[PDB]
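Undergrad: The structure is given below, and queries will be raised subsequently.
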Amino acid sequence: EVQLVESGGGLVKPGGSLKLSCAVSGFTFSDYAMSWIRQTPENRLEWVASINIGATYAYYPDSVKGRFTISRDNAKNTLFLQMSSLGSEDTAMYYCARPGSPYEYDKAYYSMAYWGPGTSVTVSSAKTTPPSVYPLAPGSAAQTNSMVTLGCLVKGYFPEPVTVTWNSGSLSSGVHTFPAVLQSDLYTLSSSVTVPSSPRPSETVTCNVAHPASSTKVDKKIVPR
Amino acid sequence: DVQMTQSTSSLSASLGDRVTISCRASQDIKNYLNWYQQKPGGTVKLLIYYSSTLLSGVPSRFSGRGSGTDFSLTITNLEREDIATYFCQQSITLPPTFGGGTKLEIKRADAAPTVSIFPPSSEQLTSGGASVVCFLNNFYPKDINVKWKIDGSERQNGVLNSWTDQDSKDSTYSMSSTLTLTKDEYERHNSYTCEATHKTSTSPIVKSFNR
Ligand SMILES: C[C@]12CC[C@H](O)C[C@H]1CC[C@@H]1[C@@H]2C[C@@H](O)[C@]2(C)[C@@H](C3=CC(=O)OC3)CC[C@]12O
């Protein structure tokens with residue numbers, strides 16, 4: 001039905017510019033006042049920009065006003081957000097949202113009833129860095145028993161995210177991937193997998209770590225010892 | 001700006017329980033207060049708008065109420081698909097402001113952590129670094145402490161911990177403690193211990209090893 005998809009997010013340098021997009025579906029785009037809202041790394045929601053129908057007026061909070069610009073292409077069903085002079089405080093997940101009703105006399109007008117998945121903006125001077133992947137295998141006499149836990153250490157990468165699957169997804173159960181911790185401006189997270197001691201070392205378990213930012217894929221087969 | 005205040009950031013409850021989330025405005029916003037729901041890696045969803053009007057598709061076991069400066073959101077039969085973060089929001093004064101959010105946990109029976117210790121890899125040793133990792137998985141409640149001892153001696157320098165959000169299948173938590181050292185200091189020592197203190201055991205769960 002109703003669709004909103006943000007686009008254009010990425011890694012930017014402080015003082016840099018970025019343009020975001022929101023393609024819409026399942027409703028008459030030209031009937032709504034469209035808005036942007038961002039969510040902060042501290043999970044804090046903040047208003048960014050609003051535009052009325054006809055692109056005659058636009059609202060910006062003092063946090064973004066004078067730097068960002070909202071516009072609409074009613075023929076393309078697209079909403080834009082030009083960002084400029086960006087700082088670290090602008091690092092956030094940016095969403096486009098649609099009100100519940102085009103009629104001010106309807107109280108749904110004063111609510112955002114549909115959001116997009118969001119597009120991630122990170123304002124950093126830190127550098128895109130590929131992950132090192134280390135195998136975590138038990139050692140060296142504790143072979144007991146019922147279950148065995150393996151793992152992969154993904155270390156020193158930038159930016160986020162990193163994707164971690166086990167056996168090309170063949171292993172979904174018993175998997176625990178953890179939130180990354182920042183350390184010297186480089187991320188580090190860990191992934192554990194628990195399998196019966198029967199399908200390992202017999203049979204194979206391998207961690208697949210994808211880091212799209214650096215276009216890297218690493219497969220780390222967990223071997224005894 | 002009107003400040004939106006939710007008095008607790010975390011709330012715990014059982015399946016079939018009546019949950020109540022409170023939201024306070026610094027001003028009179030009349031009835032212009034909406035409620036949103038958001039799961040860990042998910043999109044924001046509108047639940048209630050104005051003070052007490054449900055959005056289409058939202059279960060009737062969700063109800064909002066309040067006027068002026070004090071509002072609340074009640075969930076009548078807590079289900080595990082109700083485990084999310086809830087935000088309150090005012091829509092009448094510019095700029096429109098949100099509350100800090102209230103993350104709602106689910107209650108279950110006590111589970112003991114499965115502790116696993118791993119030594120540095122030959123590949124990481126190849127780089128002049130050495131991290132000892134400890135997994136403390138599938139425990140409840142969330143309250144847990146970890147202690148590293150390098151040759152009987154405690155240590156907090158170089159230790160890093162990370163936590164998973166509550167698991168979807170078993171409602172447990174998992175944690176990872178990683179003691180990162182220099183290859184050289186790693187080898188001027190033999191033994192390395194991972195200790196876990198939890199509400200379950202009275203004696204710690206100890207995972208050690210040595211070279
Ligand atoms: C942008 C907007 C529409 C044009 C009119 O000139 C008034 C402006 C400012 C006020 C602004 C409307 C758009 C509407 O969508 C809003 C965003 C609407 C809100 C929805 C909401 O959640 O908070 C406010 C109420 C009114 C609103 O805040």
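In this analysis, Cβ positions are derived from the backbone assuming ideal geometry, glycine residues included, and neighbour counts consider all displayed protein chains. All of this is worked out from the model, or read from it or from the source named; these are not laboratory values.
Undergrad: Among the residues of the range A:195-218, is any within 12 Å of another protein chain (Cβ to nearest Cβ), in a strand (DSSP E or B) and loosely packed, with under 13 Cβ neighbours inside 10 Å? Let's see the steps before the verdict.
TA: Pass one, the range A:195-218, residues within 12 Å of another protein chain (Cβ to nearest Cβ): A:218.
Subset that is in a strand (DSSP E or B): A:218.
From the residues that got through so far, the ones that are loosely packed, with under 13 Cβ neighbours inside 10 Å too are none.
There is no residue in the range A:195-218 that is within 12 Å of another protein chain (Cβ to nearest Cβ), in a strand (DSSP E or B) and loosely packed, with under 13 Cβ neighbours inside 10 Å.
Undergrad: I'd like to check something: does the range B:12-31 contain any residue that is within 16 Å of A:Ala113 (Cβ to Cβ) and either within 14 Å of the ligand (Cβ to nearest atom) or part of a loop (DSSP other than H, G, I, E, B) (or both)? Working first, answer last.
TA: Narrowing the range B:12-31 to residues within 16 Å of A:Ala113 (Cβ to Cβ): none.
Within the range B:12-31, none of the residues are within 16 Å of A:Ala113 (Cβ to Cβ) and either within 14 Å of the ligand (Cβ to nearest atom) or part of a loop (DSSP other than H, G, I, E, B) (or both).
Undergrad: Scan the range B:87-126 for residues that are out of contact with any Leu (no Cβ under 9 Å at 6 or more places or on another chain), more than 7 Å from chain A (Cβ to nearest Cβ) and either free of Cβ contacts under 8 Å to residues at least 40 places away in the same chain or within 16 Å of the ligand (Cβ to nearest atom) (or both) and jot them down.
TA: Within the range B:87-126, B:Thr93, B:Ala109, B:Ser122, B:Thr126 meet the criteria.
Undergrad: Residue by residue through the range A:81-112, note down the ones that are in a strand (DSSP E or B) and within 14 Å of chain B (Cβ to nearest Cβ).
TA: Quick first cut of the range A:81-112, residues in a strand (DSSP E or B) only: A:81-83, A:92-99, A:112.
Once the filter is applied, which keeps residues that are in a strand (DSSP E or B) and within 14 Å of chain B (Cβ to nearest Cβ), the range A:81-112 yields A:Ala92, A:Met93, A:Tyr94, A:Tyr95, A:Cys96, A:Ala97, A:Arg98, A:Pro99, A:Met112.
Undergrad: I've got another one for you. What number of residues within the range A:180-194 are farther than 15 Å from A:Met147 by Cβ, aliphatic (A, V, I, L, M) and buried (at least 16 other Cβ atoms within 10 Å of the Cβ)?
TA: Initially, the range A:180-194 is screened for residues farther than 15 Å from A:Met147 by Cβ, giving A:180-191.
Subset that is aliphatic (A, V, I, L, M): A:180-182, A:186, A:189.
This time we only want the ones that are buried (at least 16 other Cβ atoms within 10 Å of the Cβ), so: A:180, A:186, A:189.
Number satisfying all stated conditions: 3.
Undergrad: Could you check A:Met112 against (1) assigned by CATH to the domain that holds A:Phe68; (2) more than 10 Å from the ligand (Cβ to nearest atom) and say which number it fails?
TA: Just one mismatch for A:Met112, condition (2).
Undergrad: Just give me the residues in the range A:73-89 being closer than 19 Å to A:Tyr60 by Cβ and surrounded by 15 or more Cβ atoms within 10 Å (Cβ to Cβ), in sequence order.
TA: A:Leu79, A:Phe80, A:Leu81, A:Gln82, A:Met83, A:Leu86
Undergrad: Taking the residues in the range B:83-102 that are of a type in the set (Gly, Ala, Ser) and within 22 Å of the chain's Cα centre (by Cα) as candidates, determine which candidate is nearest to A:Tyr109 (Cα to Cα). Don't jump to the end; show me each part of the working.
TA: Restricting attention to the range B:83-102, the residues satisfying the condition of being of a type in the set (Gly, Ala, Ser) are B:84, B:91, B:99-101.
Now restrict to residues that are within 22 Å of the chain's Cα centre (by Cα): B:84, B:99-101.
Working: B:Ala84: 25, B:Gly99: 20, B:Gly100: 23, B:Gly101: 23 Å.
This residue is B:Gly99.
Undergrad: Regarding A:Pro41, is this residue in contact (Cβ under 8 Å) with a residue 12 or more places away in the chain and either in contact with a helix residue (DSSP H, G or I) (Cβ under 6 Å, 6 or more places away or on another chain) or within 12 Å of the ligand (Cβ to nearest atom) (or both)?
TA: On the way: in contact (Cβ under 8 Å) with a residue 12 or more places away in the chain: yes; either in contact with a helix residue (DSSP H, G or I) (Cβ under 6 Å, 6 or more places away or on another chain) or within 12 Å of the ligand (Cβ to nearest atom) (or both): no.
When the stated conditions are applied, A:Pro41 does not pass them.
Undergrad: Against the conditions (1) in contact (Cβ under 8 Å) with a residue 40 or more places away in the chain; (2) within 10 Å of chain A (Cβ to nearest Cβ); (3) more than 28 Å from B:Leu94 (Cβ to Cβ), where does B:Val44 fall short? Just the number, please.
TA: It fails just one condition, (3).
Undergrad: Looking at the range A:44-54, which of the residues that are more than 9 Å from the ligand (Cβ to nearest atom) and loosely packed, with under 15 Cβ neighbours inside 10 Å is nearest to the other protein chains (Cβ to nearest Cβ)?
TA: For the range A:44-54, the residue satisfying everything is A:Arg44.
Undergrad: While we're on this one: Please find, within the range A:122-141, the residue that is farthest from the other protein chains (Cβ to nearest Cβ) out of those that are surrounded by fewer than 22 Cβ atoms within 10 Å (Cβ to Cβ) and among the aliphatic types (A, V, I, L, M).
TA: A:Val123
Undergrad: Just to be sure, is A:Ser173 assigned to a loop (DSSP other than H, G, I, E, B) and either surrounded by fewer than 17 Cβ atoms within 10 Å (Cβ to Cβ) or outside the structural domain of A:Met34 (by CATH) (or both)?
TA: Values: assigned to a loop (DSSP other than H, G, I, E, B): yes; either surrounded by fewer than 17 Cβ atoms within 10 Å (Cβ to Cβ) or outside the structural domain of A:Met34 (by CATH) (or both): yes.
Considered against the rule, which asks whether it is assigned to a loop (DSSP other than H, G, I, E, B) and either surrounded by fewer than 17 Cβ atoms within 10 Å (Cβ to Cβ) or outside the structural domain of A:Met34 (by CATH) (or both), A:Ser173 comes out as yes.
Undergrad: I've got another one for you. Check whether at least one residue in the range A:3-22 is within 11 Å of chain B (Cβ to nearest Cβ), touching a residue at least 12 places away in the same chain (Cβ under 8 Å) and within 16 Å of the ligand (Cβ to nearest atom), and report yes or no.
TA: yes
Undergrad: Same structure again: Of all residues in the range B:44-82, how many are under 24 Å from the mean Cα position of the chain (by Cα), of a type in the set (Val, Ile, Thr) and surrounded by fewer than 19 Cβ atoms within 10 Å (Cβ to Cβ)?
TA: 2
Undergrad: Scanning the range A:55-80 for residues that are aromatic (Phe, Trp, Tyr) and either in a strand (DSSP E or B) or more than 14 Å from chain B (Cβ to nearest Cβ) (or both), which turns out nearest to the ligand (Cβ to nearest atom)? Talk me through it step by step, then tell me what you get.
TA: Initially, the range A:55-80 is screened for residues aromatic (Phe, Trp, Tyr), giving A:57, A:59-60, A:68, A:80.
Add one more test, that the residue is either in a strand (DSSP E or B) or more than 14 Å from chain B (Cβ to nearest Cβ) (or both), and what stays is A:59, A:80.
Working: A:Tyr59: 5, A:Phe80: 16 Å.
Of everything passing the filter in the range A:55-80, A:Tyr59 is nearest to the ligand (Cβ to nearest atom).
Undergrad: Let me ask something else. If I filter the range A:142-190 down to residues being facing chain B (nearest Cβ under 9 Å) and among the hydroxyl-bearing types (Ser, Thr, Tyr), which single residue comes out as farthest from B:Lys169 (Cα to Cα)?
TA: Top of the filtered list is A:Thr188.
Undergrad: Given the residues B:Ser72, B:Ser171, B:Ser177, which is the only one that is away from the ligand (no atom under 16 Å from the Cβ), outside any strand (DSSP E or B) and hydroxyl-bearing (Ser, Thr, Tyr)? Break it down stepwise before answering.
TA: Details: B:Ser72 fails: outside any strand (DSSP E or B); B:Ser177 fails: outside any strand (DSSP E or B).
None of the other options fit; the residue is B:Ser171.
Undergrad: Oh, and also: Return a yes/no flag: does the range B:130-150 have any residue that is of a type outside the set (A, V, I, L, M), farther than 19 Å from B:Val206 by Cβ, within 12 Å of chain A (Cβ to nearest Cβ) and buried (at least 20 other Cβ atoms within 10 Å of the Cβ).
TA: Looking through the range B:130-150, at least one residue is of a type outside the set (A, V, I, L, M), farther than 19 Å from B:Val206 by Cβ, within 12 Å of chain A (Cβ to nearest Cβ) and buried (at least 20 other Cβ atoms within 10 Å of the Cβ).
Undergrad: Yes or no: the range B:135-149 includes at least one residue that is more than 27 Å from A:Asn43 (Cβ to Cβ), assigned to a helix (DSSP H, G or I) and hydrophobic (A, V, I, L, M, F, W, C). Spell out the reasoning first.
TA: The first filter runs over the range B:135-149 and keeps only residues more than 27 Å from A:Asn43 (Cβ to Cβ), leaving B:147-149.
Right, trim to assigned to a helix (DSSP H, G or I) and you get none.
For the range B:135-149, residues more than 27 Å from A:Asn43 (Cβ to Cβ), assigned to a helix (DSSP H, G or I) and hydrophobic (A, V, I, L, M, F, W, C): absent.
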